[PDB]
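Trainee: Protein chains in written order, with the entry's author numbering: chain I, 7 to 52, 155 to 217; chain B, 133 to 144, 156 to 198; chain J, 16 to 107, 111 to 147, 153 to 304, 601 to 767.
For every residue, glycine included, the Cβ atom is placed at its ideal position computed from N, Cα and C.
First, the structure itself, so that you have it in front of you.
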Amino acid sequence: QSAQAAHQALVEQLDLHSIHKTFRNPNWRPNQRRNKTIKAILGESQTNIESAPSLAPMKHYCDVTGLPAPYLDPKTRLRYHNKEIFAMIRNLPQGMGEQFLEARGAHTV
Amino acid sequence: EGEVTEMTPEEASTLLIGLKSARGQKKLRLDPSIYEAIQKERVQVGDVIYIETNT
Amino acid sequence: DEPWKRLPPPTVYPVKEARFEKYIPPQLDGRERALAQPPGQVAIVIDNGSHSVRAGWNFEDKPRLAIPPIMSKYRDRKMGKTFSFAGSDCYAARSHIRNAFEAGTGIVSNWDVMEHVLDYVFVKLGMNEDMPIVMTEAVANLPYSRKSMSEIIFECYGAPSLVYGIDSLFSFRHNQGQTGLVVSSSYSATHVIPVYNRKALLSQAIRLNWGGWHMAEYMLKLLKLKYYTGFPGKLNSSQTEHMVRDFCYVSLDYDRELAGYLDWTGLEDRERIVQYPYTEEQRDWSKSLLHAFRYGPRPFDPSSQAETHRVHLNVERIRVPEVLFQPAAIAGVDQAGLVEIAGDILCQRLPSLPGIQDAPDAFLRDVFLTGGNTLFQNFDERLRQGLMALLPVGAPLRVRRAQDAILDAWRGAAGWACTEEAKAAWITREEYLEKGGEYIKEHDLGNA
Ligand SMILES: Nc1ncnc2c1ncn2[C@@H]1O[C@H](COP(=O)(O)OP(=O)(O)OP(=O)(O)O)[C@@H](O)[C@H]1O
Ligand SMILES: [Mg+2]
Numbered sequence: 007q008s009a010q011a012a013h014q015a016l017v018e019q020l021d022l023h024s025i026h027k028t029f030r031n032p033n034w035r036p037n038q039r040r041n042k043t044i045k046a047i048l049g050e051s052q155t156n157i158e159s160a161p162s163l164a165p166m167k168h169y170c171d172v173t174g175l176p177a178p179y180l181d182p183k184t185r186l187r188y189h190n191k192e193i194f195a196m197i198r199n200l201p202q203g204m205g206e207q208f209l210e211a212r213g214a215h216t217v
Numbered sequence: 133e134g135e136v137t138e139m140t141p142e143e144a156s157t158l159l160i161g162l163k164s165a166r167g168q169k170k171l172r173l174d175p176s177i178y179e180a181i182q183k184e185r186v187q188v189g190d191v192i193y194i195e196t197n198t
Numbered sequence: 016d017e018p019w020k021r022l023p024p025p026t027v028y029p030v031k032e033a034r035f036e037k038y039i040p041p042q043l044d045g046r047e048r049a050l051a052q053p054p055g056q057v058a059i060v061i062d063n064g065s066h067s068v069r070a071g072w073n074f075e076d077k078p079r080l081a082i083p084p085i086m087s088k089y090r091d092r093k094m095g096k097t098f099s100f101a102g103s104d105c106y107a111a112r113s114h115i116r117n118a119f120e121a122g123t124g125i126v127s128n129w130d131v132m133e134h135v136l137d138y139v140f141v142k143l144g145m146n147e153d154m155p156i157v158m159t160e161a162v163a164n165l166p167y168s169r170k171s172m173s174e175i176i177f178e179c180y181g182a183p184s185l186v187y188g189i190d191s192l193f194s195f196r197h198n199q200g201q202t203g204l205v206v207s208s209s210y211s212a213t214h215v216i217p218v219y220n221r222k223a224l225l226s227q228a229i230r231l232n233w234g235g236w237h238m239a240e241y242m243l244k245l246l247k248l249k250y251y252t253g254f255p256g257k258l259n260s261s262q263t264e265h266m267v268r269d270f271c272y273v274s275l276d277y278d279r280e281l282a283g284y285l286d287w288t289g290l291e292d293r294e295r296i297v298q299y300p301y302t303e304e601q602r603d604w605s606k607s608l609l610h611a612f613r614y615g616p617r618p619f620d621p622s623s624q625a626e627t628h629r630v631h632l633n634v635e636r637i638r639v640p641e642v643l644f645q646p647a648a649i650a651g652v653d654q655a656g657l658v659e660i661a662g663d664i665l666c667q668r669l670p671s672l673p674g675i676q677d678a679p680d681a682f683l684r685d686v687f688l689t690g691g692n693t694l695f696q697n698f699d700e701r702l703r704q705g706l707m708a709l710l711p712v713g714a715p716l717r718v719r720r721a722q723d724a725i726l727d728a729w730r731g732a733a734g735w736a737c738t739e740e741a742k743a744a745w746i747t748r749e750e751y752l753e754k755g756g757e758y759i760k761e762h763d764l765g766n767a
């Protein structure tokens, strides 16, 4: 159908293989291992070291609703605003507690 | 009147105290008398204090 | 009944995300002008934005090209031919995508993706090979990354010369920057750089690892948690990017504003709502904080398809930008916040430097905001109010914005591109063949 043909005509029109690139050196070929993660590069490099943690005490916010949290639940270690949110926390689907932690980069492990 | 941002004993008598409000911070040179008044009250860094400069 | 039943019908915004747009042919007119312009005064200027690679001609006031650093390559096996894409030709219709940058990070890492992006740039600029390239770097860009890029430029494209400079510092030079504190918040990160007599003190620059990427990712995490019982729209980072852009703002007093944010009175105004696509053939919800959090003042029912296909942002309007000011509290980032960073620089570092003269007063008189992720409402006002409390009373603090937060870094490089400063900083191909791609000319706008 013409809609698919027109779409495939666009897919053709955009293709970087259909375009020929005379400025590209044909002889040079990369090292296949050249793609490395920042961890790998820093490890292989053994200023880009540029910040440190704050010494101030941080404020406490509810992991569910983000509102300020007077309370930390000793069971799941979620911070919560009030009894209404504590009620949902203690009956969360079993895996969900680790997601509310993970939203602030906390985990049980 | 400000939050006590610094308390630097200058001599070993004089104190320098740093005070801060939402609108800036200030340093004051304190005579040992007003220092010990500040020190008889249990002022520490992070406390909020009121000082009358001349009384 | 009445407190909801009297309300007008909710105002709701269609969801947005990055999408393909009408074809742009290769601009041979640029190649023509570039050869007509005087010798030694023409360069290709590329800003390697992790959100958008911006490219064009130094003699022009805006980039010709603004392209996501992405590629796609696949076979429609029934059609047999291979197809390959780099940029918005990736429809961000397979969306079979890879990106040149490491996720959320300022540094290029998939060099094959980058090399396809560079091929796309030079095609669209009408290259018919030989032209000097001005290219932006991350702050403290890694030596291996600098090498691999320059190796692409000189081995694969054989270009006559390359120069590397920091995009935020180019932006500070398009504006009449002379000395100041350059605050950049970008896609990848946030940097505070002190600049003295047009020279950046990069040994005293600091990076906060939060940016427009992390805001889009964090907004996604929160909306997935808000609708953990399931949401019928496919939540994606490219959508929450547009939500952060359109709806987030910085609180001038966050605790005061937050603690009252889910009060039912005026929640219809504090709430903003976006519609995902849909098709259709004494204990009460009105006293539940979690109903307000999720659905606001209206009643809710799952029978209404449209009302099931909408997310309510509410507290996320202000919680998301606050991660810059309170990173460890709100997102657990073990880094000091933006006001504490700028305060540490102005108050502890610069007055300790030898010979710097009137620190902070010299730098303090022009705190300068760059990069798109600074564009939030009240961002400048919040930064000023925070610094003012840390400074000696009545000190001449000014917080100022670039005339444009995103293009101005390219414009600064385009203006700088062929100055005697730049041409003294250029590395020639033969100098690269002598010194190798790790080598860089030390200059005021470049890395050490
Ligand atoms: N008006 C706006 N308000 C808030 N955020 C915005 C606005 N316009 C753009 N942004 C965001 O700013 C970011 C783009 O920033 P910018 O273009 O300066 O980065 P970049 O040059 O790609 O990054 P880097 O230098 O780290 O590689 C995106 O996350 C985008 O959503
Ligand atoms: Mg940038």
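For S184/J, list the residues DSSP reports as bridge partners.
Mentor: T747/J
Trainee: If you compare alpha carbons, which of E133/J, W287/J, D62/J, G734/J is closest to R30/I?
Mentor: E133/J
Trainee: Does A661/J have its Cβ less than 8 Å from a Cβ in chain B?
Mentor: no
Trainee: The segment 237–270 of chain J: which residues have C-beta closer than 7 Å to a C-beta of chain I, in chain order?
Mentor: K244, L245, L248, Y251
Trainee: Could you spell out the range, first to last residue, of the alpha helix (DSSP H) harbouring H13/I?
Mentor: Taken as a continuous stretch (DSSP letters only), the alpha helix (DSSP H) holding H13/I covers 8–20.
Trainee: Are the CB atoms of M145/J and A182/J nearer to each other than 8 Å?
Mentor: no
Trainee: Three or more C-beta pairs under 8 Å: does that hold for the segment 197–217 of chain J against the segment 620–636 of chain J?
Mentor: Result no; under three Cβ-Cβ pairs closer than 8 Å.
Trainee: Are the beta-carbon atoms belonging to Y299/J and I637/J less than 8 Å from one another?
Mentor: no
Trainee: Quick one, are the C-beta atoms of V186/B and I192/B less than 8 Å apart?
Mentor: Yes. Within cutoff.
Trainee: In its own chain, which residues sit with a C-beta less than 6 Å from the C-beta of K142/J, not counting the 5 before and 5 after it?
Mentor: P41, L80
Trainee: What three-state label does DSSP hand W233/J in the structure shown?
Mentor: coil
Trainee: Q202/I touches chain J at which residues, Cβ-Cβ below 7 Å?
Mentor: Going along chain J, no residue has its Cβ under 7 Å from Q202/I, so there is no contact; the nearest lies around 12 Å.
Trainee: Can you check the segment 644–714 of chain J for any alpha helix (DSSP H) of at least 4 residues that lies completely inside it and give the ranges in chain order?
Mentor: List check, alpha helix (DSSP H) in window: 646–650, 657–662, 680–683, 698–709.
Trainee: Given that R166/B touches chain J, what residues does it touch there, using C-beta distances under 8 Å?
Mentor: Per Cβ cutoff of 8 Å: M707, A708, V712.
Trainee: Using the beta-carbon of each residue, which ones in chain I are nearer than 7 Å to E120/J?
Mentor: One finds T43, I44 in chain I with Cβ atoms closer than 7 Å to the Cβ of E120/J, taken in chain order.
Trainee: Kindly provide the ranges of any alpha helix (DSSP H) runs that are 4 or more residues long and lie completely inside the segment 209–258 of chain J, ordered along the chain.
Mentor: 235–249
Trainee: Closest to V30/J by C-alpha separation, out of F682/J, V297/J, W287/J, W735/J, would be which residue?
Mentor: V297/J
Trainee: Can you tell me the Cα-Cα spacing of residue 154/B and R166/B, whole angstroms?
Mentor: Absent here is residue 154/B, because the residues of chain B run from 144 on to 156 with nothing modelled in between.
Trainee: For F193/J and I759/J, I'd like the C-alpha separation in whole angstroms.
Mentor: 17 Å
Trainee: For the segment 177–198 of chain B, list every residue whose C-beta sits within 9 Å of some C-beta in chain J, in sequence order.
Mentor: none
Trainee: Between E749/J and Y180/J, what straight-line distance do the alpha-carbon atoms span, to the nearest angstrom?
Mentor: In this model, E749/J and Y180/J are separated by some 14 Å (Cα to Cα).
Trainee: So who's on the other strand from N63/J, going by DSSP bridges?
Mentor: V68/J
Trainee: Mind checking which residues open and close the beta strand (DSSP E) that includes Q298/J?
Mentor: 296–298
Trainee: Short of 6 Å in beta carbon distance, which residues of its chain neighbour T97/J, apart from the five on each side in sequence? Order them along the chain.
Mentor: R90
Trainee: Going along the chain, which residues of its own chain have a beta-carbon closer than 8 Å to the beta-carbon of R212/I, five neighbours each way excluded?
Mentor: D171
Trainee: Could you name the residues that DSSP lists as bridge partners for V191/B?
Mentor: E135/B
Trainee: Where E143/B and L224/J are concerned, what is the direct C-alpha to C-alpha distance, given to the nearest angstrom?
Mentor: 36 Å
Trainee: Rounded to whole angstroms, what's the CA-CA distance from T155/I to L209/I? Just pull it up for me.
Mentor: 32 Å
Trainee: Which chain I residues are close to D278/J, counting only those with a beta carbon under 8 Å from its beta carbon?
Mentor: Residues of chain I with a Cβ closer than 8 Å to the Cβ of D278/J are, in chain order, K167, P176.
Trainee: Go ahead and pull the three-state DSSP assignment for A282/J.
Mentor: helix
Trainee: Under 7 Å from any heavy atom of ligand 1, does the C-beta of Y210/J make it?
Mentor: yes
Trainee: Distance check for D286/J and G205/I, CA to CA, integer angstroms please.
Mentor: 26 Å
Trainee: Is there a C-beta anywhere in chain I that falls below 8 Å from the one on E291/J?
Mentor: no
Trainee: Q227/J and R668/J look like a contact to me (Cβ under 8 Å); what is the Cβ gap, rounded to whole Å?
Mentor: Confirmed, Cβ separation roughly 5 Å.
Trainee: Looking at ligand 2, does it come within less than 7 Å of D723/J, judged from the CB to the closest heavy atom?
Mentor: no
Trainee: Where does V188/B land, buried or exposed, given buried means 16+ other C-beta within 10 angstroms?
Mentor: exposed
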